[PDB]
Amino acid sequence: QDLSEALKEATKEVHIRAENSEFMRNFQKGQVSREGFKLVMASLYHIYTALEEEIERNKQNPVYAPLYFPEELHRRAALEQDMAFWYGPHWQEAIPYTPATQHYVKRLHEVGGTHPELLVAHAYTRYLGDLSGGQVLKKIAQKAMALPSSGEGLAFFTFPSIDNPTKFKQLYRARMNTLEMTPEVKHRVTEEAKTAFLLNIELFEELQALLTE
């Protein structure tokens, strides 16, 4: 069975759980505040920073290399612009770095540094979501918070080098399917994808509590 299918199957249950975290439930209903939106976007800034550091570290490693698409996919630059938008020109000392964010970053560095054959799980969990359901979330954010169609403050959700997210997702899946796969790697990759999802749920749990304190 192809890796792209194996990952979709292995994470469909946990995905349902992630959508129904209290934070995402509120987000999807259009009940996201600037305060809540800033917290989550600052946490993604740290997460994607770590993810992409490790991608760059492993760009030539054949257990990752076919998924090397910085121009199309990388989010760090977009997130910097968003941080300048939401937090102002001194954003680097204004943005929070929460413990649940630190925990996700830590696992990203473990994977990138010690288990790079699992990095695909982490890329899959973030980028394929961003190209799919992230575009729905963009539209809700825009409407909730009166964010302009010109895209300021939502650079994260914008892929100016990808014409068509569906076709690119199909390419990315096809290329995932060219990674050298053994039963051992496949099984652990799908497990790590479930972990990546849990790390995201734990962040959403944490942020909700911080908003409700």
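Numbering starts at 1 and runs along the sequence shown. The term rigid core refers to the most C-alpha atoms you can superpose between the two forms while keeping them within 1.5 Å.
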For this session: Going by root mean square C-alpha distance after a core fit, say whether 135 to 143 or 106 to 114 is farther from the shown form in 8 other deposited structures of this protein.
Result: 135 to 143
For this session: Rigid core fitted first, then name the stretch among 144 to 152 and 42 to 50 whose C-alphas deviate most from the displayed form in 8 other deposited structures of this protein.
Result: 144 to 152
For this session: Averaging only over Cα atoms, indicate whether 86 to 94 or 72 to 80 has the higher B-factor in the PDB entry.
Result: 86 to 94
Problem set entry | 159 to 167 versus 50 to 58 - which carries the larger mean C-alpha B factor in the record | 159 to 167
Problem set entry | For residue 120, the third of its chain into which the C-alpha B factor falls | lowest
Seminar exercise, completed: By the entry's values, the third containing the CA B factor of residue 31 is the highest
For this session: Give the position of residue 175 by CA B-factor within its chain, expressed as the lowest, middle or highest third.
Result: middle
Seminar exercise, completed: For residue 198, the third of its chain by CA B-factor is the middle
For this session: Taking the chain's C-alpha temperature factors as the reference, tell me which third residue 41 falls into: lowest, middle or highest.
Result: lowest
